[PDB]
Every structure is written in structure tokens, then in C-alpha cells.
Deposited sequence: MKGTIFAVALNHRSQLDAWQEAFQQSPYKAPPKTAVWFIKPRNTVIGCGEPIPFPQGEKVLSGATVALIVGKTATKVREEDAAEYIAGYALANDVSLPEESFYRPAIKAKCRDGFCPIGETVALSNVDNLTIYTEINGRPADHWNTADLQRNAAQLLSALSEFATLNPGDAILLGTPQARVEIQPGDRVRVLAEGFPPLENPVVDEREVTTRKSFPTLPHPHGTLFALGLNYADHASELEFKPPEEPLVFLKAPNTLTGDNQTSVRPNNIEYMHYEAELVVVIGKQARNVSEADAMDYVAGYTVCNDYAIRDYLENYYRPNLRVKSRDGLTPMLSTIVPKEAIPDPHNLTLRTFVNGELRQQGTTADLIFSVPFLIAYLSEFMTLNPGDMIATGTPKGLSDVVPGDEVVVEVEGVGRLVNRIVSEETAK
């Protein structure tokens, strides 16, 4: 819609069945214990009648589904009370490149422009035993049923909101089956279900699609939050990128909660790049013209909650208030070389982490070129560029300060669940 669009992967029993043997082996080792989440960021989100831009060369699959739409702030929603937090339901389309791997986040596959049609919210009581239909050029092409999903809408809302607060207007896509249908330029793709107005979108060669969807600017932070995995040589083939939901963000001198009964929660000091101008298919050579400037984040992780499905997964990386971020942006013109800046972390005044952006594996221009090659970057989007070596455990009472030379100083305080409540 206009809120964050969350989605669940591996929720349809047909896919769990199909992947059973693979999930016993590297790199998965074991089947998912918890829900496997992803996000369809704002560049993806379109309404009925808007085109799905088709990337030349690629195979693209429709992903008819339905989404629950949150009607009031949802934090630790109890399963039995879910309906009272759900405004209704909307037909949606998880448009995607093939789901060939579930190990690393599927950003190229799923976060392309216009890859998330979503329709009208309808006030139904439930979506139990609902057949979701796909038609292509007005011919029946696919159907599946929500009774075959592992977690129902109630259970998904409860499971996600247990650690990630949802705001009114946010959505959760309930899932998709193993078997999907292919779309191609010229196709008209229609999603249908009893009780809903059909959702229809044309698929168009991307070369033909006019200007990209723009958004109103709002005070930083506001935008897609991209984050890098391993990005310091401290002494891979392509970047590991994942997205962070906006409710993870908190300001300066706030608190971040350490879960009860875990072994390891660590800070991560990072240079954050903020986009200043809409960017698509930007070369490394002009990438810097699209940067507004720089800020700092503390990209916390709960190492205990890591799994090998879309890793690092949302239960580790999108927890409420576990991403301190400064509200100030230093303009790029104040920083002559962002690839020559010191990063440090202090805990209670003890220096625990130090490195330099000279050790970035993937440079700021590389990253901008890499992402804009397959999706539109918009003003206010953020790129958390990774963290050097020097991680350690932090516990309630601890004051954690991260600092990037010339960019800013960011304070945070760890607290217990008991203190925060």
C-alpha cells in the first residue's frame, strides 16, 4: 500500500515437501525452525493496472497471494486476538525470478521495480480455505488454497509482531506455492478470489516504462534501509545485501533491548550512505552524484537467532529499536574521501572495535551501481556499508557508542526486557 510490505517464504506445504531433502544438507543443514521472512520495499509496490516492468533476459514468475492488512499498532499480538488488529485483506502478487535458493536473501529476485502489485483492502473475517486464482490473458493459469499454508494469517501476525512492531497499513503476504506460472512482456496477469475485486497488471518490457515511481521526502531516516553483510577485508564474488524494516530504527541516546536468555548480542559500527536523487542504471563513475551524504548506525545482531534461510534473517536484524541511527546527514561535500574514514565502537568507554573504510571490499560507488542496476533507489534510501572486525557481547547497563570520523557519534544504552516494559 503505503506501509511496509512483509512477506513469508516457505509457508506452503507443497514447497516444504519439495525442499525436504535439500533442507537436510548444506548450506541449510536443517529445515526452518522459525518463519522465513522477506520485505517487498517501496519501489516494488504498485496498484491495480500499473505495469510490471520486465527485465530483459530473465525468467519472471507471477506469485498470486493474499495479504493481511494491519489496522492498528501490532506489537506482540496474541494469536487468538489477531482479527482485532487486521483491518482486512488484499489480493497481491509476489512477482519473482525463480526461487532457486533460500540461503541468501533474494533481493534481485524479489525487489525489482513493480514486483509487488497489491489491490483493494476488503474487510473479511478470515481467509481460511480460500482459493487464489491466476489468469494470464484471460485464461486460467493457476490456483492454490490457503488451507495448504503452514502458518495462517493469525499465526503470521503473531509470529512477526513478537519481535517486529507493525503499524496501521503495513501488510503481510501470506505465502506462495512451489508451483508458479511464468509471465512475459505483453501478458496481462490477473489475481482473483472469492470476496475480492480482481487485481490486474500488464507486463511490459522495462525499456518502455516511463519515469519511475517517486515519493515525497520526509525527514531522515525515511526510505529503504539496505544493509551489507561481509564488507570489510580486515585482513566475496558479489555483495550480500539484505533489507531492514523501519521499526528497527531508533535515535540517539535511546535504549535497545537484549532478549532474555540468549548468549550473544553484539553492536556493529557502520558508515551509512544516504541517497539524494532517484537513481536507476547508474554507473560507478557517476554514482556519487546521487549521494546526499553520510550518517552512522549501530547494526545490532542477536547471533542466537541466526538461521540458514534468507540469512541474516528478520528475527536477528529487524527487531524493534535494535538499529540506532543518527538523524543528521553530513553532506558529501564535507567528506572528500568516505573510503578513508575511521570507525570505532566503545563500550562503557572501553575501545572494542576499530577499523577503516579503506578496508571496504565493495566501495560506495560499486554498491550504488550494483543496486541501481536492478532496482530504483530513491531519495532517503540508506546503505549500511558493513562493519569491521571487533565484535563483542553487550549486556543491560552497557553504554555503546559508535563513531565514524567526520560523520558522527552515536550513543545507545542496552536494557533488559524487564526494564523496557
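K.L.:
Against the full deposited sequence, which stretches does the structure leave out?
P.N.:
Seq positions lacking coordinates: 236-243, a single run.
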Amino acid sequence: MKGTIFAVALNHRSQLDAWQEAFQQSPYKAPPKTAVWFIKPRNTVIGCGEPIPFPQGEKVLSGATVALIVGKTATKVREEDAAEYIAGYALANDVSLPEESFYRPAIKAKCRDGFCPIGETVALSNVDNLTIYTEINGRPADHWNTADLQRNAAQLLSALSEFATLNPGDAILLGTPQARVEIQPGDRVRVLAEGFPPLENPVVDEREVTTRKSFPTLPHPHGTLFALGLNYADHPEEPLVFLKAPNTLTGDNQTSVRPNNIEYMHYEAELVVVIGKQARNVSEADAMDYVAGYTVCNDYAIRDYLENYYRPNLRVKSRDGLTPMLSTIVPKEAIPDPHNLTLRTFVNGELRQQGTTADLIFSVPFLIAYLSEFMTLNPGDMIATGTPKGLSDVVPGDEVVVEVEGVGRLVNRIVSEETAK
From here on, numbers count along this sequence of modelled residues.
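K.L.:
Where do the C-alpha atoms have the higher mean temperature factor in this entry, in 165-173 or in 329-337?
P.N.:
The deposited B-factors put 329-337 ahead on the C-alpha mean.
K.L.:
Quick one: say whether 353-361 or 24-32 has the higher mean Cα B-factor in the deposited entry.
P.N.:
If you average the C-alpha B-factors of 353-361 and of 24-32, the larger mean comes out for 24-32.
K.L.:
For the listed residues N247, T217, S158, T224, which one has the largest C-alpha B-factor as given in the deposited model?
P.N.:
Highest C-alpha B-factor among the listed options: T217.
K.L.:
Maximum C-alpha temperature factor per the entry, among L271, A123, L91, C116, belongs to which one?
P.N.:
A123 has the highest C-alpha B-factor of those listed.
K.L.:
Grab the CA temperature factor for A109 from the record and place it in the lowest, middle or highest third of its chain.
P.N.:
Ranked within chain, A109 CA B lands in the lowest tercile.
K.L.:
Please place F196 in the lowest, middle or highest third of its chain according to the CA B-factor in the PDB entry.
P.N.:
Highest third.
K.L.:
Classify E206 as lowest, middle or highest third according to the C-alpha B-factor given in the PDB entry, relative to its own chain.
P.N.:
Top third by C-alpha B-factor.
K.L.:
Looking at the entry's B-factor column for C-alpha atoms only, identify whether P324 ranks in the lowest, middle or highest third of its chain.
P.N.:
Bottom third by C-alpha B-factor.
K.L.:
Select lowest, middle or highest to describe the third in which the CA B-factor of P388 falls within its chain in this entry.
P.N.:
Tercile = middle for this residue's CA B-factor.
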